[PDB]
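Colleague: have a look at this fold, sequence not included:
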């Protein structure tokens, strides 16, 4: 495959990137504590947001509301309105670095996870923490809502990937969180976990250099296979929403594309000097973004010799 680069921002180390679902924008969250808002079709910096001290690893748009959420090494989960350009409030409670923060697609919830070994669920309408998910025995490096079921997946330096049943909390919105699976298989800390947008699949990746594919039903889960090849920590991984492909990004300075059905290598993209910290895909478009030591890139993924 080939990478057709649409936009690149040269900056100090970038940690997170988030696509806006309908506007041609990305948010980038940087090691220096700043958040940038770029239009990747014009190549223009629309806004900058300074509300954290130290690196900002969590960043996400709300899918419909004029809001975004950020999570920092200062332990804060900040809620912003990008139209009024205001920091609306800070959600405080985490006791160590915040690694990920996201919005739920239907309920008025924010998910965050932290080196404090917890996952927190907040109600952004009430500004209250409505659940603290405990049980991991080390930092929680990633957490994600399932796109259609009352589930959360989380990845931790305790070498486990947990799937949590949050149906109880959902019914209160209309016991709250119960761990459903403790997926074992990684031999080192796990840095990332992801759901497939439409299939009952999970990806996880970590310091063991492995990307593991799991499948689940309502009653069981199983390890399908492992993508092997990265030669340093894997920082992030995701499913291609529209092709049978897996993508991963690593401190070995590569983004790797793998066949979803065989787990064999499809294409490697390498940078000479930059470790990769994060990758994301637009929900609808053939558009990917990656954060690395020297900034952020937005690119389309094409078959080799397509043009």
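Modeller: Structure's in. What do you need? Numbers count the residues shown, from 1 in each chain.

Colleague: contacts and neighbour counts: CA atoms only from here.
Modeller: OK.

Colleague: could you say which helix or strand contains the nearest residue to residue 231 once chain neighbours are set aside?
Modeller: Nearest non-adjacent residue to residue 231, counting by C-alpha to C-alpha, 6 or more residues apart in numbering: residue 252, 5.7 Å away. Under the criterion DSSP states H and E, no helix or strand holds residue 252.

Colleague: contacts only, for residue 252.
Modeller: Listed by C-alpha atoms under 8 Å, 6 or more residues apart in numbering, the contact set of residue 252 reads 230-234, 275-276.

Colleague: across the sheet, point out what pairs with residue 112.
Modeller: Per DSSP bridges, residues listed as beta-bridge partners of residue 112: residue 101, residue 120.

Colleague: check whether it really touches residue 97, as I assumed.
Modeller: No - look at residue 112 against residue 97 with C-alpha atoms under 8 Å: they stay out of range, at 10.5 Å.

Colleague: looking at those two, which is more packed in?
Modeller: residue 112 (29 against 25; other C-alpha atoms under 10 Å).

Colleague: check contacts around the more buried one.
Modeller: Neighbour list for residue 112: 71, 77, 98-102, 119-121, 143 [criterion: C-alpha under 8 Å, 6+ apart].

Colleague: which SS state does the spatially closest residue to residue 169 that is not a sequence neighbour fall under?
Modeller: Nearest non-adjacent residue to residue 169, counting by C-alpha to C-alpha, 6+ apart: residue 176, 4.3 Å away. Secondary structure for residue 176, judged by DSSP: H, G, I helix; E, B strand; the rest coil, is coil.

Colleague: double-check residue 176 against residue 164; I have them as touching.
Modeller: No - under the criterion of C-alpha under 8 Å, residue 176 makes no contact with residue 164, lying 9.9 Å away.

Colleague: of the two, who's got more company?
Modeller: Neighbour totals were compared for residue 176 and residue 164, and residue 164 leads with 20 against 16 (other C-alpha under 10 Å).

Colleague: so residue 96 touches residue 118, yeah?
Modeller: No - look at residue 96 against residue 118 with C-alpha under 8 Å: they stay out of range, at 9.6 Å.

Colleague: identify the residues contacting residue 221.
Modeller: 181, 214-215.

Colleague: need the residues you listed in JSON lines (columns: secondary structure).
Modeller: Formatted as JSON lines, those follow (three-state DSSP):
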{"residue": "181", "secondary structure": "strand"}
{"residue": "214", "secondary structure": "strand"}
{"residue": "215", "secondary structure": "strand"}
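
Colleague: closest one of those to residue 245?
Modeller: residue 214 (14.3 Å; C-alpha to C-alpha).

Colleague: buried ones from the contacts of residue 252, can you make that a ChimeraX selection?
Modeller: Filtering these down to the buried ones (16 or more other C-alpha atoms under 10 Å) takes a single ChimeraX command:
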select :230,232,233,234,275,276
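
Colleague: is residue 187 located within a helix, as I assumed?
Modeller: No - counting by three-state DSSP, residue 187 falls outside a helix, being coil.

Colleague: and the gap between it and residue 137?
Modeller: Residue 187 sits 15 Å away from residue 137, going by C-alpha to C-alpha, to the nearest Å.

Colleague: look up how far residue 282 lies from the nearest residue to residue 39 once chain neighbours are set aside.
Modeller: Ranked by C-alpha to C-alpha, 6+ apart and with sequence neighbours excluded, the top spatial neighbour of residue 39 is residue 25, at 4.5 Å. According to C-alpha to C-alpha, residue 25 and residue 282 sit 10 Å apart.

Colleague: give me the neighbour count for residue 184.
Modeller: As a burial measure, residue 184 scores 12 neighbours (other C-alpha under 10 Å).

Colleague: all strands of the stretch 101-250 of the chain, in order?
Modeller: Along the stretch 101-250 of the chain, the stretches classed as strands by DSSP state E, counting those that start in this stretch are 109-114, 119-123, 128-133, 140-145, 151-156, 161-165, 178-183, 190-195, 201-206, 211-216, 221-227, 234-239, 245-250.

Colleague: just checking, what packs against the fifth one?
Modeller: Read it as strand 151-156. Contacts defined by 3 or more C-alpha pairs under 8 Å, 6 or more residues apart in numbering; DSSP states H and E place strand 151-156 against strand 140-145, strand 161-165, strand 190-195.
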